[PDB]
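2 protein chains.
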Amino acid sequence: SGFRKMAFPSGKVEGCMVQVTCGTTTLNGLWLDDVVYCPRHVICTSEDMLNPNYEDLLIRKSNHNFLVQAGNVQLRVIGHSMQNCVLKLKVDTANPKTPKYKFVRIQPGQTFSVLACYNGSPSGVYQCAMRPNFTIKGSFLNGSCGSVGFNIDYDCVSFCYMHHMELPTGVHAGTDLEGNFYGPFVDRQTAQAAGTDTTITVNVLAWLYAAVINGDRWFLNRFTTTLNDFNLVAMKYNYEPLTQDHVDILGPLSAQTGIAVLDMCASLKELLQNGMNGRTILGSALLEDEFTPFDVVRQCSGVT
Amino acid sequence: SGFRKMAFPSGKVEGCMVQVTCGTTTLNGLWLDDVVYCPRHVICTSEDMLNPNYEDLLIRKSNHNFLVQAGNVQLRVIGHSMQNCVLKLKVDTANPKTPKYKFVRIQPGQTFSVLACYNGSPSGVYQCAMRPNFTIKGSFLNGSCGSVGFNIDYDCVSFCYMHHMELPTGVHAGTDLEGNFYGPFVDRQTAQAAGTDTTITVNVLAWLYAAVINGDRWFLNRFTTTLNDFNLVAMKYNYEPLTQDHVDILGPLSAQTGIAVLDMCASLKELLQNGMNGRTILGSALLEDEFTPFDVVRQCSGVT
Ligand SMILES: Cc1ccncc1NC(=O)[C@@H](C)OC(F)F
Ligand SMILES: Cc1ccncc1NC(=O)[C@@H](C)OC(F)F
Numbered sequence: 001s002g003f004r005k006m007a008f009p010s011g012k013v014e015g016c017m018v019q020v021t022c023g024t025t026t027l028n029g030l031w032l033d034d035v036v037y038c039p040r041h042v043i044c045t046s047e048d049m050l051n052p053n054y055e056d057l058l059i060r061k062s063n064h065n066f067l068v069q070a071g072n073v074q075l076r077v078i079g080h081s082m083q084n085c086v087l088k089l090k091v092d093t094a095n096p097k098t099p100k101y102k103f104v105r106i107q108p109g110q111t112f113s114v115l116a117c118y119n120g121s122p123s124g125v126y127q128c129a130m131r132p133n134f135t136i137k138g139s140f141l142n143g144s145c146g147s148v149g150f151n152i153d154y155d156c157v158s159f160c161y162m163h164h165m166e167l168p169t170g171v172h173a174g175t176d177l178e179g180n181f182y183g184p185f186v187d188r189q190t191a192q193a194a195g196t197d198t199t200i201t202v203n204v205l206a207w208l209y210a211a212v213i214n215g216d217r218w219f220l221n222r223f224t225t226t227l228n229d230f231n232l233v234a235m236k237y238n239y240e241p242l243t244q245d246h247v248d249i250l251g252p253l254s255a256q257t258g259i260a261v262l263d264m265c266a267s268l269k270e271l272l273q274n275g276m277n278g279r280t281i282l283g284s285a286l287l288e289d290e291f292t293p294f295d296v297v298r299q300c301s302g303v304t
Numbered sequence: 001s002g003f004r005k006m007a008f009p010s011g012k013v014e015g016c017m018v019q020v021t022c023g024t025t026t027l028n029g030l031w032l033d034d035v036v037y038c039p040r041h042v043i044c045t046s047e048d049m050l051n052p053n054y055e056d057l058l059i060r061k062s063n064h065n066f067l068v069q070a071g072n073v074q075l076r077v078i079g080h081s082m083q084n085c086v087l088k089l090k091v092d093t094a095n096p097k098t099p100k101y102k103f104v105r106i107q108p109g110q111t112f113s114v115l116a117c118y119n120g121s122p123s124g125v126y127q128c129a130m131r132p133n134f135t136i137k138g139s140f141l142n143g144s145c146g147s148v149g150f151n152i153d154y155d156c157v158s159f160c161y162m163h164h165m166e167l168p169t170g171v172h173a174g175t176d177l178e179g180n181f182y183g184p185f186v187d188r189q190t191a192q193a194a195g196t197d198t199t200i201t202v203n204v205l206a207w208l209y210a211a212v213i214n215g216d217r218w219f220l221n222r223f224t225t226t227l228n229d230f231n232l233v234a235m236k237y238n239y240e241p242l243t244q245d246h247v248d249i250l251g252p253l254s255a256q257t258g259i260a261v262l263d264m265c266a267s268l269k270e271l272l273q274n275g276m277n278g279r280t281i282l283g284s285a286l287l288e289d290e291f292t293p294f295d296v297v298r299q300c301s302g303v304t
């Protein structure tokens, strides 16, 4: 009973967080095996960020200029390299707490947990989604860079995000663990406007299924629709177009509840056209889009 | 930038989770030092829950009937005792992962993180509040009992909740770590209706301050009110009465933003009387009450 915005247990990731300092800049690093991964803007001063030439700034840095501290003990840096927008600091000690891990590049609409950190220390964990405009709506203050996003499948941590930037609009941008930014964002203090933040339709439908499973059913109606008809409404409301791949992914939830995907699409269509009328669904007064169909199945079944 | 429903990093608590089995019932235990704490209804079969006599059911159980497994290794039970609604299983090995800890009994309106577990294994972490009717709105399926709620102050984990029951209305009830239920709930499968779920006024005001700090300011108005005037409106909307103690606790947020507590109360009064008018605050279309003023300061400052 009950449905919550749940993050993955963060222990496996907490054991990887380190502090990285270069000159006067301090941010977070991710220590896996004998490598520490961190944003390359650790080599920048606040003034360098306006127009940084990372290759030129890196020439002035040696291994001893990157101070890496894991808790209260210092790690010895024996090598450094820049891969896209991340720095890889080879250290002389493999992290004894390294979990089984993978680096994945997620698609927009996919969810992940963030372990927000400051100075190598974890402050909290929350669940968010990669928006269709490749931004995330996080909670990051100065010093949180290098905090990571991840998913966990049993004992394997799939790292998908590393925090780099706060856009002037208060939204966040970052990279995968190969240092490639999600979206068109760059690690420069310049005008970078995000595109339309459209709603993740397949996730809203997954969340409506979770609501039916947990008892909130008022929004179920006597109607059905087609993909093309639903999509005309979705376009009008800045919702992502629903495809047959999305319908297929909702198959298990449709099977468990006995509510055809297109019937749920018709419930969603009426909610878009008529609003909630002062009512709530799973404690929310708007349509939630940060639960994937996989998240709904996982939570509704008790996967550990 | 940004404000999220953030849970504490769960690592320190993950290291304490064990599985406890008695007969055919399996739930979660909390292993601290050489004691494993778990709900006493681990000794019950589903049929026993209708009218259990815990003292009588416990007489038929010996140390060897409580199977405690931490990961893949079995713990030897050398003693057992019932304290209120929890069982304390003395084991022969102190948990090497025992963090610095305290057992606290929280007040309604206070928030905490829950590490949802099944079979001694963590599934996820979320933040919730002890409701004014002493229930929590969690996400717990069968097998989640013994999952705990906690707060963390630097390196000390303050355990405040242990999950025991799902009320027929889908809300949750449990105990503190001394085994005393929050509210009037009992560990019996019987009619237990919750009282009015009133809104935690001081937390809504704290969250309005967080919204102003993060840029959402549309709801600020040209009005002020008094405690008695605000409280007439609060009564009408099932909001908890605001006291001078609540005003005092909001002092730091009032000082940081320059918005007097009574002016914020007047903004809240207009939001209650006029609604949001299709608008949102911090991504929510309703007034959020599960952030305490301490949570807002912590998140807005970067406490680790
Ligand atoms: C302040 C802040 C708050 C939260 N996240 C990141 C940042 N920091 C940045 O965006 C820096 C790295 O770039 C800036 F130079 F444009
Ligand atoms: C099913 C379930 C789901 C989530 N939490 C707890 C329970 N379980 C109970 O409430 C049991 C312990 O009492 C019942 F007998 F009244």
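Sequences listed follow chains A and A', in order. A prime marks a further copy of an entry chain.
For the first sequence, the residue numbers in the authors' numbering are 1 to 304.
For the second sequence, the residue numbers in the authors' numbering are 1 to 304.
All C-beta atoms in this analysis are idealised placements derived from N, C-alpha and C, irrespective of residue type, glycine included.
In the structure shown, the three-state DSSP call for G149(A) is strand. Excluding sequence positions up to five before and after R76(A'), its CB lies within less than 8 Å of the CB of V91, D92 and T93, all in the same chain and listed in chain order.
Boundaries cannot be given for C85(A), as no alpha helix (DSSP H) includes it and DSSP labels it neither H nor E.
Using a Cβ-Cβ cut-off of 8 Å, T304(A) counts as an interface residue toward chain A', since at least one Cβ of chain A' sits closer than that to its own. For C117(A), a Cβ of chain A' is located within less than 8 Å of the residue's own Cβ. Assignment of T257(A') by DSSP, reduced to helix, strand and coil, places it in the helix class. Residue pairing of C128(A') in beta bridges, as defined by DSSP: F112(A').
Rounded to the nearest angstrom, the Cβ distance from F185(A') to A173(A') is 4 Å, consistent with a contact under 8 Å. For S1(A), the Cβ falls inside the 7 Å cut-off from some heavy atom of ligand 2.
Checking the DSSP bridge columns, you'll see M162(A) partnered with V148(A) and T175(A). When the five nearest sequence neighbours on each side are left out, the beta carbons in the same chain lying within less than 8 Å of the beta carbon of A266(A') are those of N221, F223, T224, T225 and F230, in order along the chain.
Here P122(A) is bridged, per DSSP, to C117(A). For the options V233(A), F66(A), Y209(A) and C160(A), the alpha carbon positioned closest to that of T26(A) is the one of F66(A). For a Cβ distance threshold of 7 Å, residue set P9 and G11 of chain A lies close to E14(A'), ordered along the chain. Taken from the Cβ of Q19(A'), every heavy atom of ligand 2 lies 7 Å or farther away. Look at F140(A'): its beta carbon is less than 7 Å from one of the heavy atoms in ligand 2. With respect to the 8 Å criterion, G109(A') and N203(A') are classified as neighbours on the basis of their beta carbons. Under a 10 Å Cβ-count criterion, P122(A') is classified as buried, with 16 or more other Cβ atoms of the shown protein chains found around its own Cβ. Its Cα nearest to that of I213(A'), the residue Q256(A') stands out among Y239(A'), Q256(A'), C16(A') and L268(A'). Per DSSP, reduced to three states, the secondary structure at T135(A) is coil, with no helix or strand assignment. Beta-bridge partners of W31(A) (DSSP): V36(A).
Closer than 7 Å to some heavy atom of ligand 2: that describes the Cβ of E166(A').
Remark: C-beta atoms of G29(A') and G146(A') approach each other more closely than 8 Å. For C85(A), the distance from the CB to the nearest heavy atom of ligand 1 is not below 7 Å. Residue contact with chain A for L141(A'): present (Cβ-Cβ distance below 8 Å to some residue of chain A).
The DSSP-derived three-state label of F223(A') is coil. Think of a sphere of 8 Å around the beta carbon of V125(A'): the chain A residues whose beta carbon falls inside it are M6, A7, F8, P9, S10 and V125, in chain order.
Neighbours of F3(A') in chain A, taken as residues at a C-beta separation under 9 Å, are given in chain order as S139.
Not one heavy atom of ligand 2 sits closer than 7 Å to the Cβ of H64(A). The contact set of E166(A) on chain A', defined by CB atoms closer than 7 Å, consists of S1 in chain order. Within its own chain, the residues whose Cβ lies closer than 8 Å to the Cβ of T175(A'), once the five positions on either side in sequence are excluded, are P39, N84, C85, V86, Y161, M162, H164, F181 and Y182, listed in chain order. Per DSSP, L75(A) is not a residue of any alpha helix (DSSP H); the beta strand (DSSP E) it occupies stretches across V73 to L75. Spatial neighbours of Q69(A) in its own chain (CB-CB distance under 6 Å, excluding positions within 5 residues in sequence) are listed in chain order as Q19. Taking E178(A) as the centre and dropping the five residues before and after it, the same chain places the C-beta of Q83, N84, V86, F103 and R105 closer than 8 Å to its C-beta, in chain order. Against chain A', the beta carbon of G170(A) has neighbours under 8 Å at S1, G2, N214 and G215, listed in chain order.
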